[PDB]
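Coordinates from run36.pdb are shown below (PDB, C-alpha atoms and all ligand atoms).
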```
ATOM      1  CA  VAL G   1       5.721   2.216  24.760  1.00  0.00           C
ATOM      2  CA  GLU G   2       9.156   3.756  25.470  1.00  0.00           C
ATOM      3  CA  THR G   3      10.021   7.431  24.992  1.00  0.00           C
ATOM      4  CA  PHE G   4      13.493   8.762  24.286  1.00  0.00           C
ATOM      5  CA  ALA G   5      15.063  12.177  23.836  1.00  0.00           C
ATOM      6  CA  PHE G   6      16.848  12.906  20.556  1.00  0.00           C
ATOM      7  CA  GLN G   7      20.455  13.871  20.981  1.00  0.00           C
ATOM      8  CA  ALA G   8      20.274  17.715  21.039  1.00  0.00           C
ATOM      9  CA  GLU G   9      21.851  18.330  17.618  1.00  0.00           C
ATOM     10  CA  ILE G  10      19.466  15.848  15.959  1.00  0.00           C
ATOM     11  CA  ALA G  11      16.410  17.525  17.500  1.00  0.00           C
ATOM     12  CA  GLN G  12      17.629  20.838  16.106  1.00  0.00           C
ATOM     13  CA  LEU G  13      18.239  19.668  12.549  1.00  0.00           C
ATOM     14  CA  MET G  14      14.751  18.142  12.695  1.00  0.00           C
ATOM     15  CA  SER G  15      12.864  21.242  13.807  1.00  0.00           C
ATOM     16  CA  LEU G  16      15.002  23.232  11.368  1.00  0.00           C
ATOM     17  CA  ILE G  17      14.019  21.032   8.400  1.00  0.00           C
ATOM     18  CA  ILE G  18      10.482  20.764   9.753  1.00  0.00           C
ATOM     19  CA  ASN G  19       9.997  24.566   9.941  1.00  0.00           C
ATOM     20  CA  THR G  20      12.085  25.693   6.979  1.00  0.00           C
ATOM     21  CA  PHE G  21      10.626  26.860   3.704  1.00  0.00           C
ATOM     22  CA  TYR G  22      12.452  24.906   1.044  1.00  0.00           C
ATOM     23  CA  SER G  23      11.728  24.572  -2.680  1.00  0.00           C
ATOM     24  CA  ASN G  24      13.377  21.288  -3.671  1.00  0.00           C
ATOM     25  CA  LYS G  25      11.413  19.213  -1.132  1.00  0.00           C
ATOM     26  CA  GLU G  26      10.944  16.381  -3.651  1.00  0.00           C
ATOM     27  CA  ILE G  27      14.502  15.280  -2.888  1.00  0.00           C
ATOM     28  CA  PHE G  28      13.331  13.587   0.314  1.00  0.00           C
ATOM     29  CA  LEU G  29      12.171  10.552  -1.677  1.00  0.00           C
ATOM     30  CA  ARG G  30      15.606  10.115  -3.176  1.00  0.00           C
ATOM     31  CA  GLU G  31      17.094  10.121   0.315  1.00  0.00           C
ATOM     32  CA  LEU G  32      14.724   7.473   1.644  1.00  0.00           C
ATOM     33  CA  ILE G  33      15.057   5.282  -1.453  1.00  0.00           C
ATOM     34  CA  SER G  34      18.816   5.574  -1.091  1.00  0.00           C
ATOM     35  CA  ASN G  35      18.694   4.236   2.481  1.00  0.00           C
ATOM     36  CA  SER G  36      16.564   1.290   1.384  1.00  0.00           C
ATOM     37  CA  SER G  37      19.040   0.538  -1.405  1.00  0.00           C
ATOM     38  CA  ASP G  38      21.838   0.523   1.165  1.00  0.00           C
ATOM     39  CA  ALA G  39      19.748  -1.569   3.539  1.00  0.00           C
ATOM     40  CA  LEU G  40      19.271  -4.006   0.660  1.00  0.00           C
ATOM     41  CA  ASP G  41      22.987  -4.097  -0.078  1.00  0.00           C
ATOM     42  CA  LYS G  42      23.775  -5.075   3.492  1.00  0.00           C
ATOM     43  CA  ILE G  43      21.229  -7.866   3.717  1.00  0.00           C
ATOM     44  CA  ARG G  44      22.546  -9.143   0.400  1.00  0.00           C
ATOM     45  CA  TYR G  45      26.217  -8.902   1.430  1.00  0.00           C
ATOM     46  CA  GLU G  46      25.469 -10.970   4.506  1.00  0.00           C
ATOM     47  CA  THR G  47      23.850 -13.618   2.312  1.00  0.00           C
ATOM     48  CA  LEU G  48      26.959 -14.074   0.206  1.00  0.00           C
ATOM     49  CA  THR G  49      28.560 -15.590   3.300  1.00  0.00           C
ATOM     50  CA  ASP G  50      25.367 -17.160   4.652  1.00  0.00           C
ATOM     51  CA  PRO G  51      22.183 -18.040   2.708  1.00  0.00           C
ATOM     52  CA  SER G  52      20.084 -18.633   5.845  1.00  0.00           C
ATOM     53  CA  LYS G  53      20.043 -14.860   6.323  1.00  0.00           C
ATOM     54  CA  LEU G  54      17.332 -14.932   3.644  1.00  0.00           C
ATOM     55  CA  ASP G  55      14.951 -17.440   5.203  1.00  0.00           C
ATOM     56  CA  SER G  56      12.988 -14.284   6.028  1.00  0.00           C
ATOM     57  CA  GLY G  57      12.666 -13.233   2.410  1.00  0.00           C
ATOM     58  CA  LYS G  58      14.678 -13.920  -0.729  1.00  0.00           C
ATOM     59  CA  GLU G  59      13.174 -10.968  -2.594  1.00  0.00           C
ATOM     60  CA  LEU G  60      15.249  -7.802  -2.497  1.00  0.00           C
ATOM     61  CA  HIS G  61      13.175  -4.839  -3.614  1.00  0.00           C
ATOM     62  CA  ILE G  62      11.608  -1.476  -2.709  1.00  0.00           C
ATOM     63  CA  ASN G  63       7.914  -0.517  -2.632  1.00  0.00           C
ATOM     64  CA  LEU G  64       6.257   2.936  -2.781  1.00  0.00           C
ATOM     65  CA  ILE G  65       2.744   3.047  -1.339  1.00  0.00           C
ATOM     66  CA  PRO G  66       0.695   6.264  -1.451  1.00  0.00           C
ATOM     67  CA  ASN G  67      -2.565   6.359   0.478  1.00  0.00           C
ATOM     68  CA  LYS G  68      -4.841   9.345  -0.070  1.00  0.00           C
ATOM     69  CA  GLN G  69      -7.202   8.241   2.732  1.00  0.00           C
ATOM     70  CA  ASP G  70      -4.512   8.499   5.434  1.00  0.00           C
ATOM     71  CA  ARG G  71      -2.514  11.128   3.561  1.00  0.00           C
ATOM     72  CA  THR G  72       0.549   8.917   3.873  1.00  0.00           C
ATOM     73  CA  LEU G  73       3.371   7.966   1.571  1.00  0.00           C
ATOM     74  CA  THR G  74       5.143   4.792   2.612  1.00  0.00           C
ATOM     75  CA  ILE G  75       8.550   3.591   1.405  1.00  0.00           C
ATOM     76  CA  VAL G  76       9.080  -0.112   2.030  1.00  0.00           C
ATOM     77  CA  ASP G  77      12.162  -2.253   1.566  1.00  0.00           C
ATOM     78  CA  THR G  78      13.154  -5.825   2.292  1.00  0.00           C
ATOM     79  CA  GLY G  79      16.645  -4.845   3.411  1.00  0.00           C
ATOM     80  CA  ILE G  80      18.596  -5.779   6.521  1.00  0.00           C
ATOM     81  CA  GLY G  81      16.192  -4.046   8.870  1.00  0.00           C
ATOM     82  CA  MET G  82      17.194  -2.744  12.292  1.00  0.00           C
ATOM     83  CA  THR G  83      17.442  -4.319  15.740  1.00  0.00           C
ATOM     84  CA  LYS G  84      15.750  -2.389  18.570  1.00  0.00           C
ATOM     85  CA  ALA G  85      19.296  -1.324  19.553  1.00  0.00           C
ATOM     86  CA  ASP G  86      20.121  -0.044  16.058  1.00  0.00           C
ATOM     87  CA  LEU G  87      16.682   1.554  15.677  1.00  0.00           C
ATOM     88  CA  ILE G  88      17.022   3.496  18.905  1.00  0.00           C
ATOM     89  CA  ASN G  89      20.706   4.124  18.539  1.00  0.00           C
ATOM     90  CA  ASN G  90      20.852   4.959  14.823  1.00  0.00           C
ATOM     91  CA  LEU G  91      18.213   7.670  15.174  1.00  0.00           C
ATOM     92  CA  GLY G  92      19.652   8.912  18.509  1.00  0.00           C
ATOM     93  CA  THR G  93      23.468   8.350  17.965  1.00  0.00           C
ATOM     94  CA  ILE G  94      25.050   8.961  14.536  1.00  0.00           C
ATOM     95  CA  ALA G  95      23.409  12.276  13.871  1.00  0.00           C
ATOM     96  CA  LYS G  96      24.847  13.922  16.915  1.00  0.00           C
ATOM     97  CA  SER G  97      27.649  13.906  14.345  1.00  0.00           C
ATOM     98  CA  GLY G  98      26.218  13.960  10.834  1.00  0.00           C
ATOM     99  CA  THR G  99      23.353  16.145  11.960  1.00  0.00           C
ATOM    100  CA  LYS G 100      25.645  18.801  13.438  1.00  0.00           C
ATOM    101  CA  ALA G 101      28.148  18.450  10.576  1.00  0.00           C
ATOM    102  CA  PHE G 102      25.342  19.080   8.065  1.00  0.00           C
ATOM    103  CA  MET G 103      23.992  22.077  10.005  1.00  0.00           C
ATOM    104  CA  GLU G 104      27.480  23.531  10.068  1.00  0.00           C
ATOM    105  CA  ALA G 105      27.601  22.806   6.312  1.00  0.00           C
ATOM    106  CA  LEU G 106      24.358  24.755   5.916  1.00  0.00           C
ATOM    107  CA  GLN G 107      25.705  27.965   7.423  1.00  0.00           C
ATOM    108  CA  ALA G 108      28.892  27.318   5.418  1.00  0.00           C
ATOM    109  CA  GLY G 109      26.747  27.268   2.318  1.00  0.00           C
ATOM    110  CA  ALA G 110      25.326  23.970   1.147  1.00  0.00           C
ATOM    111  CA  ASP G 111      21.560  23.593   0.599  1.00  0.00           C
ATOM    112  CA  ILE G 112      19.146  21.078   2.136  1.00  0.00           C
ATOM    113  CA  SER G 113      19.498  18.784  -0.890  1.00  0.00           C
ATOM    114  CA  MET G 114      22.971  17.680   0.229  1.00  0.00           C
ATOM    115  CA  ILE G 115      21.786  16.283   3.536  1.00  0.00           C
ATOM    116  CA  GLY G 116      22.364  12.761   2.275  1.00  0.00           C
ATOM    117  CA  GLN G 117      26.088  13.395   2.099  1.00  0.00           C
ATOM    118  CA  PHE G 118      26.215  13.458   5.898  1.00  0.00           C
ATOM    119  CA  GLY G 119      24.621  10.054   6.410  1.00  0.00           C
ATOM    120  CA  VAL G 120      21.448  11.626   7.760  1.00  0.00           C
ATOM    121  CA  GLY G 121      19.220  11.968   4.709  1.00  0.00           C
ATOM    122  CA  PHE G 122      16.387  10.229   6.530  1.00  0.00           C
ATOM    123  CA  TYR G 123      15.600  13.440   8.372  1.00  0.00           C
ATOM    124  CA  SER G 124      14.751  15.183   5.085  1.00  0.00           C
ATOM    125  CA  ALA G 125      11.413  13.371   5.302  1.00  0.00           C
ATOM    126  CA  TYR G 126      10.310  16.081   7.702  1.00  0.00           C
ATOM    127  CA  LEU G 127      10.307  18.453   4.730  1.00  0.00           C
ATOM    128  CA  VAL G 128       7.009  16.958   3.592  1.00  0.00           C
ATOM    129  CA  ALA G 129       5.813  15.132   6.701  1.00  0.00           C
ATOM    130  CA  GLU G 130       4.583  16.355  10.083  1.00  0.00           C
ATOM    131  CA  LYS G 131       5.045  12.886  11.589  1.00  0.00           C
ATOM    132  CA  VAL G 132       7.195   9.945  10.526  1.00  0.00           C
ATOM    133  CA  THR G 133       6.606   6.379  11.651  1.00  0.00           C
ATOM    134  CA  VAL G 134       9.225   3.695  11.107  1.00  0.00           C
ATOM    135  CA  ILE G 135       8.508  -0.022  11.169  1.00  0.00           C
ATOM    136  CA  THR G 136      11.426  -2.397  11.073  1.00  0.00           C
ATOM    137  CA  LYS G 137      12.260  -6.079  11.481  1.00  0.00           C
ATOM    138  CA  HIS G 138      15.837  -7.371  11.670  1.00  0.00           C
ATOM    139  CA  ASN G 139      16.642 -11.048  11.174  1.00  0.00           C
ATOM    140  CA  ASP G 140      17.594 -11.374  14.841  1.00  0.00           C
ATOM    141  CA  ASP G 141      15.316  -8.971  16.718  1.00  0.00           C
ATOM    142  CA  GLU G 142      11.556  -8.496  16.520  1.00  0.00           C
ATOM    143  CA  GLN G 143       9.340  -5.995  14.701  1.00  0.00           C
ATOM    144  CA  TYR G 144       9.466  -2.520  16.241  1.00  0.00           C
ATOM    145  CA  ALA G 145       7.793   0.829  15.642  1.00  0.00           C
ATOM    146  CA  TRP G 146       9.743   4.080  15.830  1.00  0.00           C
ATOM    147  CA  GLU G 147       7.875   7.355  15.652  1.00  0.00           C
ATOM    148  CA  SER G 148       8.393  11.068  16.153  1.00  0.00           C
ATOM    149  CA  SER G 149       6.983  14.485  15.335  1.00  0.00           C
ATOM    150  CA  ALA G 150      10.160  16.548  15.717  1.00  0.00           C
ATOM    151  CA  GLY G 151       9.185  17.494  19.237  1.00  0.00           C
ATOM    152  CA  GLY G 152      12.575  16.727  20.706  1.00  0.00           C
ATOM    153  CA  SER G 153      11.765  13.133  21.507  1.00  0.00           C
ATOM    154  CA  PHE G 154      10.675   9.938  19.746  1.00  0.00           C
ATOM    155  CA  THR G 155       8.954   6.706  20.775  1.00  0.00           C
ATOM    156  CA  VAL G 156       9.710   3.035  20.256  1.00  0.00           C
ATOM    157  CA  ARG G 157       7.424   0.062  20.768  1.00  0.00           C
ATOM    158  CA  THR G 158       6.833  -3.456  19.547  1.00  0.00           C
ATOM    159  CA  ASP G 159       4.786  -3.258  16.364  1.00  0.00           C
ATOM    160  CA  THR G 160       1.556  -5.130  16.762  1.00  0.00           C
ATOM    161  CA  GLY G 161       0.472  -4.648  13.147  1.00  0.00           C
ATOM    162  CA  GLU G 162       1.221  -6.577   9.976  1.00  0.00           C
ATOM    163  CA  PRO G 163       4.367  -8.752  10.255  1.00  0.00           C
ATOM    164  CA  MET G 164       6.976  -8.269   7.516  1.00  0.00           C
ATOM    165  CA  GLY G 165       9.607 -11.010   7.729  1.00  0.00           C
ATOM    166  CA  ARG G 166      12.490  -8.636   7.148  1.00  0.00           C
ATOM    167  CA  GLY G 167      13.075  -5.048   6.151  1.00  0.00           C
ATOM    168  CA  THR G 168      12.171  -1.488   6.944  1.00  0.00           C
ATOM    169  CA  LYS G 169       9.021   0.486   6.387  1.00  0.00           C
ATOM    170  CA  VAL G 170       9.097   4.303   6.513  1.00  0.00           C
ATOM    171  CA  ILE G 171       5.627   5.777   6.902  1.00  0.00           C
ATOM    172  CA  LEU G 172       5.393   9.465   6.075  1.00  0.00           C
ATOM    173  CA  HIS G 173       2.357  11.259   7.499  1.00  0.00           C
ATOM    174  CA  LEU G 174       2.314  14.071   4.963  1.00  0.00           C
ATOM    175  CA  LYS G 175       1.782  17.708   5.883  1.00  0.00           C
ATOM    176  CA  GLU G 176      -1.409  19.413   4.686  1.00  0.00           C
ATOM    177  CA  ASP G 177       0.151  21.317   1.794  1.00  0.00           C
ATOM    178  CA  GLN G 178       2.164  18.316   0.611  1.00  0.00           C
ATOM    179  CA  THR G 179      -0.437  15.851  -0.679  1.00  0.00           C
ATOM    180  CA  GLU G 180       0.997  16.226  -4.160  1.00  0.00           C
ATOM    181  CA  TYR G 181       3.249  13.292  -3.270  1.00  0.00           C
ATOM    182  CA  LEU G 182       0.322  10.899  -3.203  1.00  0.00           C
ATOM    183  CA  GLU G 183      -0.079  11.314  -6.954  1.00  0.00           C
ATOM    184  CA  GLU G 184       1.107   8.315  -8.928  1.00  0.00           C
ATOM    185  CA  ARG G 185       2.313  10.462 -11.815  1.00  0.00           C
ATOM    186  CA  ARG G 186       4.271  12.722  -9.447  1.00  0.00           C
ATOM    187  CA  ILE G 187       5.930   9.913  -7.500  1.00  0.00           C
ATOM    188  CA  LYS G 188       6.759   8.144 -10.742  1.00  0.00           C
ATOM    189  CA  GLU G 189       8.139  11.420 -12.156  1.00  0.00           C
ATOM    190  CA  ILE G 190      10.399  11.840  -9.078  1.00  0.00           C
ATOM    191  CA  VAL G 191      11.736   8.289  -9.061  1.00  0.00           C
ATOM    192  CA  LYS G 192      12.699   8.609 -12.713  1.00  0.00           C
ATOM    193  CA  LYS G 193      14.513  11.875 -11.950  1.00  0.00           C
ATOM    194  CA  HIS G 194      16.696  10.969  -8.937  1.00  0.00           C
ATOM    195  CA  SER G 195      16.586   7.168  -8.590  1.00  0.00           C
ATOM    196  CA  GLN G 196      17.013   5.808 -12.086  1.00  0.00           C
ATOM    197  CA  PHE G 197      20.142   4.022 -10.885  1.00  0.00           C
ATOM    198  CA  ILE G 198      18.998   2.054  -7.894  1.00  0.00           C
ATOM    199  CA  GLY G 199      20.086  -1.527  -8.444  1.00  0.00           C
ATOM    200  CA  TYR G 200      16.870  -2.891  -6.993  1.00  0.00           C
ATOM    201  CA  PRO G 201      13.292  -3.026  -8.356  1.00  0.00           C
ATOM    202  CA  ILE G 202      11.051  -0.171  -7.222  1.00  0.00           C
ATOM    203  CA  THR G 203       7.340  -0.823  -7.396  1.00  0.00           C
ATOM    204  CA  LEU G 204       4.681   1.836  -7.121  1.00  0.00           C
ATOM    205  CA  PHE G 205       1.398   0.720  -5.557  1.00  0.00           C
ATOM    206  CA  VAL G 206      -1.300   2.873  -7.155  1.00  0.00           C
ATOM    207  CA  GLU G 207      -4.812   3.053  -5.634  1.00  0.00           C
TER     208      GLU G 207
HETATM  209  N1  LIG G 301      15.594   1.624   5.040  1.00  0.00           N
HETATM  210  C1  LIG G 301      16.453   1.697   6.059  1.00  0.00           C
HETATM  211  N2  LIG G 301      17.129   0.589   6.383  1.00  0.00           N
HETATM  212  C2  LIG G 301      17.949   0.793   7.416  1.00  0.00           C
HETATM  213  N3  LIG G 301      18.685  -0.239   7.840  1.00  0.00           N
HETATM  214  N4  LIG G 301      18.119   1.927   8.085  1.00  0.00           N
HETATM  215  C3  LIG G 301      17.404   3.032   7.708  1.00  0.00           C
HETATM  216  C4  LIG G 301      17.585   4.308   8.454  1.00  0.00           C
HETATM  217  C5  LIG G 301      18.918   4.761   8.635  1.00  0.00           C
HETATM  218  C6  LIG G 301      19.180   5.979   9.342  1.00  0.00           C
HETATM  219  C7  LIG G 301      20.518   6.433   9.520  1.00  0.00           C
HETATM  220  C8  LIG G 301      20.756   7.645  10.226  1.00  0.00           C
HETATM  221  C9  LIG G 301      19.674   8.413  10.761  1.00  0.00           C
HETATM  222  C10 LIG G 301      18.340   7.973  10.591  1.00  0.00           C
HETATM  223  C11 LIG G 301      18.084   6.755   9.879  1.00  0.00           C
HETATM  224  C12 LIG G 301      16.754   6.286   9.689  1.00  0.00           C
HETATM  225  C13 LIG G 301      16.519   5.079   8.984  1.00  0.00           C
HETATM  226 BR1  LIG G 301      14.719   4.602   8.821  1.00  0.00          BR
HETATM  227  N5  LIG G 301      16.546   2.882   6.655  1.00  0.00           N
END
```
Would you mind giving the structure from this file in structure tokens?
Amino acid sequence: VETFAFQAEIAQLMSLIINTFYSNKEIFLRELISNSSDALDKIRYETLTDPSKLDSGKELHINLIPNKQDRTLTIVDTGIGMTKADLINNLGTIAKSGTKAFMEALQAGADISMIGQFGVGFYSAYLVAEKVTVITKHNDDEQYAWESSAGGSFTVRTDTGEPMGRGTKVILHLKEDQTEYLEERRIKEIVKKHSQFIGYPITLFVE
């Protein structure tokens, strides 16, 4: 289990989002779903010039899995996934930029709901989660587990759990006053509102 320090800016944006009273929190789901859509595009694009890239899964889709027992909402995709390098880098590199850019955009006006415009929407998850765990498997690399609680650092390890062939799995450990996002009707209501244009199937796994 490796531990890394978030690039300063990133850590800030995180604790900002994590400790800021916002009202349009529901937009976090749109941000995560967006990423998965993009992750799906990539994996697909690579297939157009190489079918083998799909020997790890020919199905391109997104899955929403609420779990009242663990108080966790999980967004799962079968996209490109991330290599340990990309996992560590992507959530410790690009952000130093986007993250700062977006924070500057906040003081300059813009509201939290625009975060996605700065290629760092992912972090909006901390609006409704106290801890976020990321599981990913890239065609080349192995299955890793990224995790952080906006403490300034994050940890990466090899995921022992359930194998997934290919794709990314974002596990949101919801905050106490945010369990409303484990309600089928609510999730469904949100997806219809901000993600009615995703080109990939989105399945909701009720309990
Ligand atoms: N679903 C998904 N697929 C891929 N490839 N990457 C992401 C992803 C991108 C990010 C880009 C910038 C900052 C954080 C990110 C966190 C994740 Br978890 N999410």
Contacts of ligand LIG 301 (chain G), 10 Å or closer, all atoms listed in the file, given as a count of residues only: 59
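You can rank G:85, G:172, G:27, G:150 by their closest distance to residue 193 of chain G using only C-alpha atoms, and at the top of that list sits G:27.
The nearest approach to residue 128 of chain G among the residues G:49, G:148, G:153, G:23, with only C-alpha atoms taken into account, belongs to G:23.
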Selection result of the PyMOL selection byres (((chain G and resi 151) around 10) and not hetatm) on this file, as a PyMOL selection string: chain G and resi 5-6+11-12+14-15+131+148-150+152-154
Could those selected residues go to a file with C-alpha atoms, as a PDB file, in the coordinates of the input?
```pdb
ATOM      1  CA  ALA G   5      15.063  12.177  23.836  1.00  0.00           C
ATOM      2  CA  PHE G   6      16.848  12.906  20.556  1.00  0.00           C
ATOM      3  CA  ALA G  11      16.410  17.525  17.500  1.00  0.00           C
ATOM      4  CA  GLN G  12      17.629  20.838  16.106  1.00  0.00           C
ATOM      5  CA  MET G  14      14.751  18.142  12.695  1.00  0.00           C
ATOM      6  CA  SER G  15      12.864  21.242  13.807  1.00  0.00           C
ATOM      7  CA  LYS G 131       5.045  12.886  11.589  1.00  0.00           C
ATOM      8  CA  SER G 148       8.393  11.068  16.153  1.00  0.00           C
ATOM      9  CA  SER G 149       6.983  14.485  15.335  1.00  0.00           C
ATOM     10  CA  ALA G 150      10.160  16.548  15.717  1.00  0.00           C
ATOM     11  CA  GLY G 152      12.575  16.727  20.706  1.00  0.00           C
ATOM     12  CA  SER G 153      11.765  13.133  21.507  1.00  0.00           C
ATOM     13  CA  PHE G 154      10.675   9.938  19.746  1.00  0.00           C
TER      14      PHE G 154
END
```
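As for atom CA of residue 206 of chain G and atom CA of residue 130 of chain G, they are spaced 22.7 Å apart.
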Resolved residues for the PyMOL selection byres (((chain G and resi 54) around 10) and not hetatm) as a short mmCIF file (atom, residue, chain, number, x, y, z; two decimals) with C-alpha atoms, keeping the file's coordinate frame:
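Produced file result08.cif, reproduced below:
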```
data_model
loop_
_atom_site.label_atom_id
_atom_site.label_comp_id
_atom_site.auth_asym_id
_atom_site.auth_seq_id
_atom_site.Cartn_x
_atom_site.Cartn_y
_atom_site.Cartn_z
CA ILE G 43 21.23 -7.87 3.72
CA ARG G 44 22.55 -9.14 0.40
CA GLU G 46 25.47 -10.97 4.51
CA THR G 47 23.85 -13.62 2.31
CA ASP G 50 25.37 -17.16 4.65
CA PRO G 51 22.18 -18.04 2.71
CA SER G 52 20.08 -18.63 5.84
CA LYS G 53 20.04 -14.86 6.32
CA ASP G 55 14.95 -17.44 5.20
CA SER G 56 12.99 -14.28 6.03
CA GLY G 57 12.67 -13.23 2.41
CA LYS G 58 14.68 -13.92 -0.73
CA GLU G 59 13.17 -10.97 -2.59
CA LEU G 60 15.25 -7.80 -2.50
CA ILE G 80 18.60 -5.78 6.52
CA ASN G 139 16.64 -11.05 11.17
CA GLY G 165 9.61 -11.01 7.73
CA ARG G 166 12.49 -8.64 7.15
#
```
Output of the PyMOL selection byres (((chain G and resi 111) around 12) and not hetatm), listed as JSON, numbers by chain: {"G": [17, 20, 21, 22, 23, 24, 25, 27, 102, 103, 104, 105, 106, 107, 108, 109, 110, 112, 113, 114, 115, 116, 117, 124]}
Create the file for the chosen residues now, containing C-alpha atoms and written as a compact mmCIF listing (two decimals), in the coordinates of the input.
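Output file result_19.txt is given in full below:
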```txt
# COMPACT_ATOMS: atom_id res chain seq x y z
CA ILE G 17 14.02 21.03 8.40
CA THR G 20 12.08 25.69 6.98
CA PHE G 21 10.63 26.86 3.70
CA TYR G 22 12.45 24.91 1.04
CA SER G 23 11.73 24.57 -2.68
CA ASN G 24 13.38 21.29 -3.67
CA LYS G 25 11.41 19.21 -1.13
CA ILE G 27 14.50 15.28 -2.89
CA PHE G 102 25.34 19.08 8.06
CA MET G 103 23.99 22.08 10.01
CA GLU G 104 27.48 23.53 10.07
CA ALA G 105 27.60 22.81 6.31
CA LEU G 106 24.36 24.76 5.92
CA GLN G 107 25.70 27.96 7.42
CA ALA G 108 28.89 27.32 5.42
CA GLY G 109 26.75 27.27 2.32
CA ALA G 110 25.33 23.97 1.15
CA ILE G 112 19.15 21.08 2.14
CA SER G 113 19.50 18.78 -0.89
CA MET G 114 22.97 17.68 0.23
CA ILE G 115 21.79 16.28 3.54
CA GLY G 116 22.36 12.76 2.28
CA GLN G 117 26.09 13.40 2.10
CA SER G 124 14.75 15.18 5.08
```
Residue nearest residue 29 of chain G - candidates G:156, G:101, G:175, G:74, atoms counted: all atoms listed in the file: G:74
Please give the centre and size of the box around segment 139-143 of chain G (axis-aligned, containing every atom listed in the file, 8 Å added per side), with values in Å to one decimal and written as lines of an AutoDock Vina configuration file.
```
center_x = 13.5
center_y = -8.7
center_z = 13.9
size_x = 24.3
size_y = 21.4
size_z = 21.5
```
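Of note, atom CA of residue 184 of chain G and atom CA of residue 204 of chain G are spaced 7.6 Å apart.
Atom CA of residue 176 of chain G to atom CA of residue 65 of chain G spans 17.9 Å [interatomic distance, one decimal].
Using all atoms listed in the file, the smallest distance between any of G:192, G:200, G:158, G:2 and residue 141 of chain G comes from G:158.
Counting all atoms listed in the file and comparing G:84, G:173, G:100, G:61, the residue that lies closest to residue 157 of chain G is G:84.
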